[PDB]
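Participant: PDB entry and its sequence, pasted below:
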Amino acid sequence: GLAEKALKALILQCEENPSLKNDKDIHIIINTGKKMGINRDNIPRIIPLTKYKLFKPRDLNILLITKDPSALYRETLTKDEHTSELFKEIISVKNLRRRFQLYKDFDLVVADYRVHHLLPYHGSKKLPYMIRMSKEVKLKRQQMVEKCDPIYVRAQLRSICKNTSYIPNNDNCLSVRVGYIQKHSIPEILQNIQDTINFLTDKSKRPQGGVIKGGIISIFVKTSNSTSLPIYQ
């Protein structure tokens, strides 16, 4: 069909055009009938990829922003076999506000949800997710609470890298990363796009899914530098 033809042409264009080296992420652009009708939030919502997985944490350079002082979380995560190489840098929110683009050295940034509102552009991967350093309630061995639970952190990061995300808006269209050139085959990409579409138009999955309003007018596929190829009209 058409859609398979579109990806095959974009993958080829990434191998033929010298401009499209260091083009990596593949995004679809969904144009909808109405504005999404959500006041802009700027916190990533997760979109669940079922069959395949976008990334694994070990793929990316991840930045962790924590409650200040960060020393405790840095030391615990760093000295634990499950999380030693998980992050690239662990810094306090104060350390980050003093640096203030800003994340141009990181593929991903996750912040302690407790310091999220203290953080300082539309089209940006590096918008921070929220995570917990500790389970709100652990049933196992309750006489001890972990302020920083490196398995639980890794869990959260696994679930962030393998899925994809979107940033709610009151916008006519919405972009969503669906694959990595060379890292995903044409079927894996396409499966990711359908998952994206199924979730985003499933009214049972509200409030995060089923957000698209007014139907889907079109869906294009794109890299940063390439042409916008129609996937569905």
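Facilitator: Alright, I've got the coordinates. Numbers count the residues shown, from 1 in each chain.
Participant: could you tell me the end-to-end distance of stretch 131-140?
Facilitator: Start and end residues of stretch 131-140 are separated by 21 Å (CA to CA, to the nearest Å).
Participant: how much distance is there from that stretch to the middle of the chain?
Facilitator: Centroid separation for stretch 131-140 versus its chain: 22 Å, with CA atoms, centre = their mean, to the nearest Å.
Participant: now the nearest residue to residue 113 once chain neighbours are set aside, which residues is it bridged with?
Facilitator: The shortest distance from residue 113 to any residue other than its chain neighbours is 3.8 Å, reached at residue 130 (CB to CB, 6 or more residues apart in numbering). Bear in mind the C-beta positions are built from the backbone N, C-alpha and C, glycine included. Residue 130 forms beta bridges with residue 111, as assigned by DSSP bridges.
Participant: isn't residue 130 up against residue 115?
Facilitator: No: if you go by CB atoms under 8 Å, residue 130 and residue 115 don't touch, sitting 9.6 Å apart.
Participant: out of these two, which sits in the busier spot?
Facilitator: Taking other CB atoms under 10 Å, residue 130 and residue 115 do not tie; residue 115 has more neighbours (20 against 16).
Participant: what does stretch 121-130 contact?
Facilitator: 25, 42-44, 65, 101-104, 106-113, 116, 119, 160, 165, 167, 169, 175, 177 (CB atoms under 8 Å, 6 or more residues apart in numbering).
Participant: nope, stretch 132-148 is what I was after
Facilitator: Outside stretch 132-148, the residues that reach it (CB under 8 Å, 6+ apart) are 66-67, 72-73, 76-77, 112-113, 149, 152-153, 156.
Participant: before we move on, what about stretch 97-116?
Facilitator: Under the criterion CB under 8 Å, 6+ apart, residues 43, 59-68, 73, 88-89, 92-93, 96, 118-121, 125-133, 156-157, 160-161 lie in contact with stretch 97-116.
Participant: on the three-state scheme, the residue of the chain most remote from its centre is what?
Facilitator: In the chain, the residue that sits farthest from the middle, by CA atoms, centre = their mean, is residue 143; the gap is 35.5 Å. Here residue 143 is recorded as coil under DSSP: H, G, I helix; E, B strand; the rest coil.
Participant: what does residue 31 give?
Facilitator: strand.
Participant: which ones are touching the closest residue to residue 232 other than its chain neighbours?
Facilitator: Using CB to CB, 6+ apart and skipping residues adjacent in sequence, the residue nearest residue 232 is residue 219, 4.4 Å away. By CB under 8 Å, 6+ apart, the contact set of residue 219 is 28-31, 193, 197, 230-232.
Participant: pretty sure residue 219 belongs to a strand, no?
Facilitator: Yes: counting by three-state DSSP, residue 219 is found in a strand.
Participant: report the separation between the nearest residue to residue 23 once chain neighbours are set aside and residue 15.
Facilitator: In this structure, residue 23 finds its nearest non-sequential neighbour in residue 223, 4.1 Å apart by CB to CB, 6+ apart. Distance, residue 223 to residue 15, using CB to CB, to the nearest Å: 12 Å.
Participant: out of those two, which sits in the more crowded spot?
Facilitator: Counting neighbours by other CB under 10 Å for residue 223 and for residue 15 shows that residue 223 has the greater number, 23 against 11.
Participant: that one and residue 19 touch, don't they?
Facilitator: No: Residue 223 is not in contact with residue 19 according to CB under 8 Å; the separation is 9.7 Å.
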